[PDB]
$ cat input_1.cif   # mmCIF, C-alpha atoms and all ligand atoms
data_data
loop_
_atom_site.label_atom_id
_atom_site.label_comp_id
_atom_site.auth_asym_id
_atom_site.auth_seq_id
_atom_site.Cartn_x
_atom_site.Cartn_y
_atom_site.Cartn_z
CA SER A 1 14.89 -16.95 -6.23
CA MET A 2 11.81 -15.88 -8.21
CA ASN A 3 9.43 -13.18 -7.03
CA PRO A 4 5.97 -14.32 -6.07
CA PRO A 5 3.01 -13.35 -8.20
CA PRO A 6 1.88 -9.88 -7.04
CA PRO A 7 -1.22 -9.55 -4.89
CA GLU A 8 -4.33 -9.97 -7.04
CA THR A 9 -6.13 -6.86 -8.39
CA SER A 10 -8.98 -8.68 -10.27
CA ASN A 11 -11.10 -11.62 -9.08
CA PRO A 12 -14.71 -12.02 -10.22
CA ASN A 13 -15.41 -14.36 -7.25
CA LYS A 14 -14.67 -11.44 -4.84
CA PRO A 15 -17.59 -9.17 -3.96
CA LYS A 16 -17.13 -5.40 -4.33
CA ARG A 17 -18.97 -2.12 -4.27
CA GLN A 18 -18.29 1.58 -4.68
CA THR A 19 -18.54 3.66 -1.47
CA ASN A 20 -17.86 7.36 -0.92
CA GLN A 21 -15.11 6.29 1.50
CA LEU A 22 -13.34 4.17 -1.23
CA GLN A 23 -13.76 7.08 -3.66
CA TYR A 24 -11.99 9.41 -1.09
CA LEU A 25 -9.29 6.78 -0.64
CA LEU A 26 -8.55 6.91 -4.42
CA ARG A 27 -9.06 10.62 -5.12
CA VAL A 28 -7.49 12.10 -1.97
CA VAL A 29 -5.53 9.52 0.00
CA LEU A 30 -3.76 7.54 -2.77
CA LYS A 31 -3.35 10.66 -4.93
CA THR A 32 -1.64 12.60 -2.08
CA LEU A 33 0.75 9.77 -1.16
CA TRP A 34 1.66 8.85 -4.73
CA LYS A 35 3.18 12.26 -5.54
CA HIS A 36 5.17 12.56 -2.30
CA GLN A 37 8.94 12.87 -2.94
CA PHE A 38 9.36 9.61 -1.03
CA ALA A 39 6.60 7.50 -2.80
CA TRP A 40 8.73 5.75 -5.42
CA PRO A 41 9.88 2.66 -3.43
CA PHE A 42 6.25 1.99 -2.51
CA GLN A 43 4.79 2.44 -6.01
CA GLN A 44 5.24 -1.23 -7.04
CA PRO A 45 5.83 -4.62 -5.40
CA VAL A 46 9.26 -5.33 -3.93
CA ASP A 47 11.36 -6.89 -6.70
CA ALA A 48 13.67 -8.93 -4.50
CA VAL A 49 15.58 -10.19 -7.56
CA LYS A 50 16.43 -6.62 -8.76
CA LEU A 51 17.17 -5.53 -5.18
CA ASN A 52 19.22 -8.63 -4.45
CA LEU A 53 17.29 -9.53 -1.28
CA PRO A 54 17.12 -13.34 -1.11
CA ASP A 55 15.34 -13.36 2.24
CA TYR A 56 12.60 -10.75 1.53
CA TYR A 57 9.75 -13.13 0.82
CA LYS A 58 10.90 -15.42 3.62
CA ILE A 59 10.40 -12.56 6.04
CA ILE A 60 7.45 -10.68 4.38
CA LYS A 61 4.72 -13.23 3.72
CA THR A 62 1.91 -10.69 3.17
CA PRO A 63 3.50 -8.23 0.71
CA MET A 64 1.60 -5.06 -0.29
CA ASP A 65 2.46 -1.83 -2.12
CA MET A 66 0.66 1.30 -3.47
CA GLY A 67 0.87 0.06 -7.07
CA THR A 68 -1.35 -2.83 -6.04
CA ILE A 69 -3.58 -0.54 -3.97
CA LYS A 70 -3.97 1.87 -6.91
CA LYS A 71 -5.06 -0.93 -9.22
CA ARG A 72 -7.47 -2.33 -6.57
CA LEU A 73 -9.07 1.11 -6.10
CA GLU A 74 -9.19 1.83 -9.86
CA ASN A 75 -10.48 -1.70 -10.74
CA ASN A 76 -13.17 -1.70 -7.96
CA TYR A 77 -11.68 -4.69 -6.09
CA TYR A 78 -12.79 -3.65 -2.60
CA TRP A 79 -15.97 -4.10 -0.62
CA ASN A 80 -15.23 -1.47 1.97
CA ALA A 81 -12.76 1.17 3.10
CA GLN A 82 -11.43 -1.10 5.84
CA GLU A 83 -10.02 -3.62 3.27
CA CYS A 84 -8.08 -0.74 1.61
CA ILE A 85 -6.89 0.81 4.92
CA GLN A 86 -5.61 -2.64 5.93
CA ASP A 87 -3.59 -2.85 2.68
CA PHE A 88 -1.90 0.48 3.52
CA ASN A 89 -1.27 -0.69 7.05
CA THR A 90 0.29 -3.99 5.79
CA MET A 91 2.54 -2.04 3.41
CA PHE A 92 3.76 0.17 6.28
CA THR A 93 4.19 -2.64 8.80
CA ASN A 94 6.09 -4.82 6.30
CA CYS A 95 8.62 -2.02 5.76
CA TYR A 96 9.08 -1.62 9.54
CA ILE A 97 9.42 -5.40 10.07
CA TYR A 98 11.95 -5.95 7.26
CA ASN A 99 14.13 -2.90 7.83
CA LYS A 100 15.81 -1.28 10.85
CA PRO A 101 14.67 1.76 12.81
CA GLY A 102 16.07 4.99 11.28
CA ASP A 103 17.03 3.31 7.97
CA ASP A 104 16.27 5.72 5.08
CA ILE A 105 13.47 3.39 3.76
CA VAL A 106 11.80 3.40 7.25
CA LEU A 107 12.03 7.26 7.47
CA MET A 108 10.43 7.36 4.02
CA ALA A 109 7.58 4.99 5.04
CA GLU A 110 7.06 7.02 8.24
CA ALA A 111 6.76 10.27 6.24
CA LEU A 112 4.10 8.60 4.05
CA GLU A 113 2.32 7.09 7.07
CA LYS A 114 2.14 10.47 8.89
CA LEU A 115 0.38 11.85 5.79
CA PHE A 116 -1.77 8.76 5.54
CA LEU A 117 -3.01 9.13 9.13
CA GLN A 118 -3.81 12.84 8.59
CA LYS A 119 -5.90 11.93 5.49
CA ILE A 120 -7.66 8.95 7.17
CA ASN A 121 -8.62 11.03 10.26
CA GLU A 122 -10.61 13.09 7.71
CA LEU A 123 -12.36 10.03 6.16
CA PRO A 124 -15.95 10.96 5.28
CA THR A 125 -18.81 9.20 7.03
CA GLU A 126 -20.40 6.51 4.84
CA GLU A 127 -23.17 7.92 2.63
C1 LIG B 1 9.43 -0.56 0.37
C2 LIG B 1 10.51 -1.46 0.90
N1 LIG B 1 10.43 -2.19 2.01
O1 LIG B 1 11.58 -2.99 2.16
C3 LIG B 1 12.37 -2.77 1.11
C4 LIG B 1 13.59 -3.64 0.99
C5 LIG B 1 11.78 -1.77 0.30
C6 LIG B 1 12.41 -1.13 -0.81
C7 LIG B 1 11.74 -1.02 -2.05
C8 LIG B 1 12.40 -0.42 -3.09
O2 LIG B 1 11.78 -0.27 -4.25
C9 LIG B 1 13.75 0.09 -2.99
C10 LIG B 1 14.40 -0.06 -1.80
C11 LIG B 1 15.84 0.44 -1.64
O3 LIG B 1 16.49 0.41 -2.91
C12 LIG B 1 15.85 1.79 -1.00
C13 LIG B 1 16.69 2.06 0.06
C14 LIG B 1 16.66 3.32 0.64
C15 LIG B 1 15.80 4.27 0.20
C16 LIG B 1 14.97 4.01 -0.84
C17 LIG B 1 15.01 2.77 -1.44
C18 LIG B 1 13.73 -0.66 -0.68
#
$ encode --input "input_1.cif" --output "structure tokens" --more "lines below"
Ligand SMILES: Cc1noc(C)c1-c1cc(O)cc([C@@H](O)c2ccccc2)c1
Amino acid sequence: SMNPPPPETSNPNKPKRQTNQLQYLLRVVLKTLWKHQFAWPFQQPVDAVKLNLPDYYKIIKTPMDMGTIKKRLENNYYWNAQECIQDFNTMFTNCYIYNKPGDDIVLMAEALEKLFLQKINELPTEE
């Protein structure tokens, strides 16, 4: 079956703003995760055709990935840091829902999420 369209990264009818927290999310949080040895499976949407996973989009109905997040941060899609944090959280949770505990992909997501939580605990106060 065909992949869905990816999550949107441009919509003029969506309100947005720059905040120092969103700027930290791009310059520190995304940047740090993206270069991790284990980032690559999370750097673009799941291509269920390529991966031969007929059920993926039956199971994962709110897909998200760091490719999408990167474009949203770079293209000023967000209103606040919470929208972006939620996208990370959805990406992580999706991986844990779809796969099994201790699978290599789950261990990889967990490595990224450990780093993510370290970086978010240092989120600047809004200014
Ligand atoms: C992310 C993610 N969540 O569920 C699936 C399925 C993936 C996923 C996305 C991908 O690009 C690739 C793979 C898979 O080839 C794999 C398996 C072990 C270690 C790394 C990679 C899984």
$ residues_near_ligand --input "input_1.cif" --ligand "ligand LIG 1 (chain B)" --cutoff "10 Å" --atoms "all atoms listed in the file" --output "PyMOL selection string"
chain A and resi 38-48+50-53+55-56+60+63-66+91-100+103-109
$ closest_residue --input "input_1.cif" --among "A:79, A:87, A:115, A:2" --to "residue 31 in chain A" --atoms "all atoms listed in the file"
A:115
$ closest_residue --input "input_1.cif" --among "A:125, A:110, A:85, A:77" --to "residue 7 in chain A" --atoms "all atoms listed in the file"
A:77
$ atom_distance --input "input_1.cif" --atom1 "CA of residue 17 in chain A" --atom2 "CA of residue 68 in chain A"
17.7 Å
$ atom_distance --input "input_1.cif" --atom1 "CA of residue 62 in chain A" --atom2 "CA of residue 89 in chain A"
11.2 Å
$ residues_near_point --input "input_1.cif" --point "(-10.9, 4.8, 3.6)" --cutoff "7 Å" --atoms "only C-alpha atoms" --output "VMD selection string"
chain A and resid 21 to 22 24 to 25 81 to 82 84 to 85 120 123
$ closest_residue --input "input_1.cif" --among "A:10, A:119, A:5, A:54" --to "residue 32 in chain A" --atoms "all atoms listed in the file"
A:119
$ closest_residue --input "input_1.cif" --among "A:16, A:35, A:27, A:71" --to "residue 83 in chain A" --atoms "only C-alpha atoms"
A:16
$ closest_residue --input "input_1.cif" --among "A:80, A:37, A:19, A:3" --to "residue 112 in chain A" --atoms "only C-alpha atoms"
A:37
$ closest_residue --input "input_1.cif" --among "A:118, A:126, A:69, A:101" --to "residue 26 in chain A" --atoms "only C-alpha atoms"
A:69
$ atom_distance --input "input_1.cif" --atom1 "CA of residue 36 in chain A" --atom2 "CA of residue 113 in chain A"
11.2 Å
$ decode --input "input_1.cif" --residues "range 24-72 of chain A" --atoms "N, CA and C atoms" --output "PDB file, in the first residue's frame"
ATOM      1  N   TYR A  24      16.429  27.249  20.802  1.00  0.00           N
ATOM      2  CA  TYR A  24      17.182  26.166  21.542  1.00  0.00           C
ATOM      3  C   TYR A  24      16.850  24.766  21.008  1.00  0.00           C
ATOM      4  N   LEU A  25      15.564  24.520  20.795  1.00  0.00           N
ATOM      5  CA  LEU A  25      15.158  23.234  20.243  1.00  0.00           C
ATOM      6  C   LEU A  25      15.860  22.945  18.886  1.00  0.00           C
ATOM      7  N   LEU A  26      16.011  23.960  18.036  1.00  0.00           N
ATOM      8  CA  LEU A  26      16.670  23.755  16.737  1.00  0.00           C
ATOM      9  C   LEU A  26      18.188  23.671  16.934  1.00  0.00           C
ATOM     10  N   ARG A  27      18.766  24.625  17.654  1.00  0.00           N
ATOM     11  CA  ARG A  27      20.224  24.794  17.649  1.00  0.00           C
ATOM     12  C   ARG A  27      20.930  23.835  18.578  1.00  0.00           C
ATOM     13  N   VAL A  28      20.257  23.373  19.633  1.00  0.00           N
ATOM     14  CA  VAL A  28      20.855  22.450  20.591  1.00  0.00           C
ATOM     15  C   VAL A  28      20.198  21.072  20.578  1.00  0.00           C
ATOM     16  N   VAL A  29      18.876  21.012  20.682  1.00  0.00           N
ATOM     17  CA  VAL A  29      18.229  19.734  20.850  1.00  0.00           C
ATOM     18  C   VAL A  29      18.243  18.931  19.543  1.00  0.00           C
ATOM     19  N   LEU A  30      17.683  19.473  18.481  1.00  0.00           N
ATOM     20  CA  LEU A  30      17.678  18.765  17.180  1.00  0.00           C
ATOM     21  C   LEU A  30      19.094  18.454  16.721  1.00  0.00           C
ATOM     22  N   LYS A  31      19.951  19.457  16.787  1.00  0.00           N
ATOM     23  CA  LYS A  31      21.349  19.351  16.325  1.00  0.00           C
ATOM     24  C   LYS A  31      22.108  18.191  16.985  1.00  0.00           C
ATOM     25  N   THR A  32      21.953  18.070  18.309  1.00  0.00           N
ATOM     26  CA  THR A  32      22.539  17.017  19.145  1.00  0.00           C
ATOM     27  C   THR A  32      22.008  15.629  18.747  1.00  0.00           C
ATOM     28  N   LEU A  33      20.691  15.523  18.621  1.00  0.00           N
ATOM     29  CA  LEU A  33      20.106  14.200  18.266  1.00  0.00           C
ATOM     30  C   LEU A  33      20.462  13.742  16.860  1.00  0.00           C
ATOM     31  N   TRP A  34      20.456  14.685  15.944  1.00  0.00           N
ATOM     32  CA  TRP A  34      20.618  14.398  14.510  1.00  0.00           C
ATOM     33  C   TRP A  34      21.943  13.717  14.168  1.00  0.00           C
ATOM     34  N   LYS A  35      23.018  14.093  14.895  1.00  0.00           N
ATOM     35  CA  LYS A  35      24.344  13.532  14.671  1.00  0.00           C
ATOM     36  C   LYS A  35      24.658  12.315  15.521  1.00  0.00           C
ATOM     37  N   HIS A  36      23.728  11.870  16.379  1.00  0.00           N
ATOM     38  CA  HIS A  36      23.950  10.654  17.144  1.00  0.00           C
ATOM     39  C   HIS A  36      24.128   9.495  16.183  1.00  0.00           C
ATOM     40  N   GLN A  37      24.987   8.526  16.530  1.00  0.00           N
ATOM     41  CA  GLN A  37      25.211   7.331  15.703  1.00  0.00           C
ATOM     42  C   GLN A  37      23.889   6.630  15.364  1.00  0.00           C
ATOM     43  N   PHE A  38      22.904   6.744  16.261  1.00  0.00           N
ATOM     44  CA  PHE A  38      21.653   6.025  16.056  1.00  0.00           C
ATOM     45  C   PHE A  38      20.485   6.859  15.453  1.00  0.00           C
ATOM     46  N   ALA A  39      20.780   8.085  14.960  1.00  0.00           N
ATOM     47  CA  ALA A  39      19.741   8.992  14.424  1.00  0.00           C
ATOM     48  C   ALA A  39      19.102   8.508  13.119  1.00  0.00           C
ATOM     49  N   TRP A  40      19.859   7.817  12.266  1.00  0.00           N
ATOM     50  CA  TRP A  40      19.417   7.660  10.873  1.00  0.00           C
ATOM     51  C   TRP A  40      17.995   7.129  10.660  1.00  0.00           C
ATOM     52  N   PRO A  41      17.532   6.111  11.441  1.00  0.00           N
ATOM     53  CA  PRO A  41      16.151   5.652  11.176  1.00  0.00           C
ATOM     54  C   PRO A  41      15.088   6.668  11.477  1.00  0.00           C
ATOM     55  N   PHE A  42      15.444   7.713  12.234  1.00  0.00           N
ATOM     56  CA  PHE A  42      14.490   8.728  12.696  1.00  0.00           C
ATOM     57  C   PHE A  42      14.596  10.018  11.891  1.00  0.00           C
ATOM     58  N   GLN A  43      15.482  10.038  10.888  1.00  0.00           N
ATOM     59  CA  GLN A  43      15.769  11.260  10.141  1.00  0.00           C
ATOM     60  C   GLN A  43      14.777  11.537   8.997  1.00  0.00           C
ATOM     61  N   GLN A  44      13.837  10.631   8.782  1.00  0.00           N
ATOM     62  CA  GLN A  44      12.812  10.818   7.728  1.00  0.00           C
ATOM     63  C   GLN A  44      11.610   9.958   8.085  1.00  0.00           C
ATOM     64  N   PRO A  45      10.436  10.243   7.459  1.00  0.00           N
ATOM     65  CA  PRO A  45       9.264   9.423   7.754  1.00  0.00           C
ATOM     66  C   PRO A  45       9.493   7.942   7.431  1.00  0.00           C
ATOM     67  N   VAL A  46       8.793   7.093   8.189  1.00  0.00           N
ATOM     68  CA  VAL A  46       8.820   5.657   7.898  1.00  0.00           C
ATOM     69  C   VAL A  46       8.273   5.422   6.483  1.00  0.00           C
ATOM     70  N   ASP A  47       9.122   4.842   5.626  1.00  0.00           N
ATOM     71  CA  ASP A  47       8.723   4.407   4.299  1.00  0.00           C
ATOM     72  C   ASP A  47       8.364   2.938   4.442  1.00  0.00           C
ATOM     73  N   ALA A  48       7.085   2.685   4.727  1.00  0.00           N
ATOM     74  CA  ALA A  48       6.577   1.344   4.878  1.00  0.00           C
ATOM     75  C   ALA A  48       6.628   0.497   3.605  1.00  0.00           C
ATOM     76  N   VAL A  49       6.582   1.135   2.436  1.00  0.00           N
ATOM     77  CA  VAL A  49       6.812   0.400   1.180  1.00  0.00           C
ATOM     78  C   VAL A  49       8.226  -0.187   1.128  1.00  0.00           C
ATOM     79  N   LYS A  50       9.239   0.697   1.191  1.00  0.00           N
ATOM     80  CA  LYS A  50      10.671   0.310   1.233  1.00  0.00           C
ATOM     81  C   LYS A  50      10.975  -0.712   2.312  1.00  0.00           C
ATOM     82  N   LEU A  51      10.373  -0.535   3.487  1.00  0.00           N
ATOM     83  CA  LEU A  51      10.646  -1.433   4.632  1.00  0.00           C
ATOM     84  C   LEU A  51       9.805  -2.725   4.647  1.00  0.00           C
ATOM     85  N   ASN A  52       8.897  -2.821   3.686  1.00  0.00           N
ATOM     86  CA  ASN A  52       7.960  -3.885   3.577  1.00  0.00           C
ATOM     87  C   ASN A  52       7.169  -4.134   4.869  1.00  0.00           C
ATOM     88  N   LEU A  53       6.471  -3.099   5.332  1.00  0.00           N
ATOM     89  CA  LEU A  53       5.692  -3.151   6.560  1.00  0.00           C
ATOM     90  C   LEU A  53       4.268  -2.738   6.262  1.00  0.00           C
ATOM     91  N   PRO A  54       3.450  -3.693   5.774  1.00  0.00           N
ATOM     92  CA  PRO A  54       2.087  -3.402   5.319  1.00  0.00           C
ATOM     93  C   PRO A  54       1.214  -2.825   6.403  1.00  0.00           C
ATOM     94  N   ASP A  55       1.459  -3.228   7.637  1.00  0.00           N
ATOM     95  CA  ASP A  55       0.601  -2.788   8.756  1.00  0.00           C
ATOM     96  C   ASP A  55       1.003  -1.447   9.410  1.00  0.00           C
ATOM     97  N   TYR A  56       2.106  -0.802   9.004  1.00  0.00           N
ATOM     98  CA  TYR A  56       2.692   0.263   9.825  1.00  0.00           C
ATOM     99  C   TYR A  56       1.705   1.394  10.073  1.00  0.00           C
ATOM    100  N   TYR A  57       1.057   1.828   8.982  1.00  0.00           N
ATOM    101  CA  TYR A  57       0.160   2.960   9.059  1.00  0.00           C
ATOM    102  C   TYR A  57      -1.244   2.561   9.461  1.00  0.00           C
ATOM    103  N   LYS A  58      -1.452   1.262   9.680  1.00  0.00           N
ATOM    104  CA  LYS A  58      -2.649   0.775  10.378  1.00  0.00           C
ATOM    105  C   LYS A  58      -2.491   0.883  11.878  1.00  0.00           C
ATOM    106  N   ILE A  59      -1.242   0.729  12.322  1.00  0.00           N
ATOM    107  CA  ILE A  59      -0.909   0.744  13.739  1.00  0.00           C
ATOM    108  C   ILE A  59      -0.560   2.182  14.210  1.00  0.00           C
ATOM    109  N   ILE A  60       0.247   2.872  13.411  1.00  0.00           N
ATOM    110  CA  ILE A  60       0.775   4.227  13.744  1.00  0.00           C
ATOM    111  C   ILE A  60      -0.054   5.220  12.953  1.00  0.00           C
ATOM    112  N   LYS A  61      -1.035   5.818  13.609  1.00  0.00           N
ATOM    113  CA  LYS A  61      -1.911   6.777  12.914  1.00  0.00           C
ATOM    114  C   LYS A  61      -1.537   8.246  13.113  1.00  0.00           C
ATOM    115  N   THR A  62      -0.540   8.499  13.963  1.00  0.00           N
ATOM    116  CA  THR A  62       0.047   9.838  14.117  1.00  0.00           C
ATOM    117  C   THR A  62       1.564   9.764  13.944  1.00  0.00           C
ATOM    118  N   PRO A  63       2.030   9.500  12.705  1.00  0.00           N
ATOM    119  CA  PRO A  63       3.452   9.342  12.445  1.00  0.00           C
ATOM    120  C   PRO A  63       4.160  10.667  12.721  1.00  0.00           C
ATOM    121  N   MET A  64       5.413  10.586  13.090  1.00  0.00           N
ATOM    122  CA  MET A  64       6.317  11.750  13.245  1.00  0.00           C
ATOM    123  C   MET A  64       7.769  11.268  13.222  1.00  0.00           C
ATOM    124  N   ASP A  65       8.667  12.162  12.819  1.00  0.00           N
ATOM    125  CA  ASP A  65      10.076  11.818  12.605  1.00  0.00           C
ATOM    126  C   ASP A  65      10.848  13.139  12.743  1.00  0.00           C
ATOM    127  N   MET A  66      12.170  13.052  12.909  1.00  0.00           N
ATOM    128  CA  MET A  66      13.046  14.239  13.060  1.00  0.00           C
ATOM    129  C   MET A  66      13.286  14.998  11.768  1.00  0.00           C
ATOM    130  N   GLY A  67      13.159  14.347  10.609  1.00  0.00           N
ATOM    131  CA  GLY A  67      13.135  15.067   9.337  1.00  0.00           C
ATOM    132  C   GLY A  67      12.029  16.124   9.292  1.00  0.00           C
ATOM    133  N   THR A  68      10.846  15.681   9.636  1.00  0.00           N
ATOM    134  CA  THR A  68       9.677  16.571   9.742  1.00  0.00           C
ATOM    135  C   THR A  68       9.926  17.649  10.805  1.00  0.00           C
ATOM    136  N   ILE A  69      10.427  17.263  11.968  1.00  0.00           N
ATOM    137  CA  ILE A  69      10.660  18.223  13.036  1.00  0.00           C
ATOM    138  C   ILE A  69      11.658  19.296  12.606  1.00  0.00           C
ATOM    139  N   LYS A  70      12.704  18.870  11.895  1.00  0.00           N
ATOM    140  CA  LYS A  70      13.769  19.756  11.427  1.00  0.00           C
ATOM    141  C   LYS A  70      13.191  20.796  10.475  1.00  0.00           C
ATOM    142  N   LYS A  71      12.407  20.339   9.513  1.00  0.00           N
ATOM    143  CA  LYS A  71      11.734  21.257   8.604  1.00  0.00           C
ATOM    144  C   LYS A  71      10.770  22.197   9.341  1.00  0.00           C
ATOM    145  N   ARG A  72       9.998  21.695  10.298  1.00  0.00           N
ATOM    146  CA  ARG A  72       9.077  22.564  11.067  1.00  0.00           C
ATOM    147  C   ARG A  72       9.823  23.650  11.845  1.00  0.00           C
TER     148      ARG A  72
END
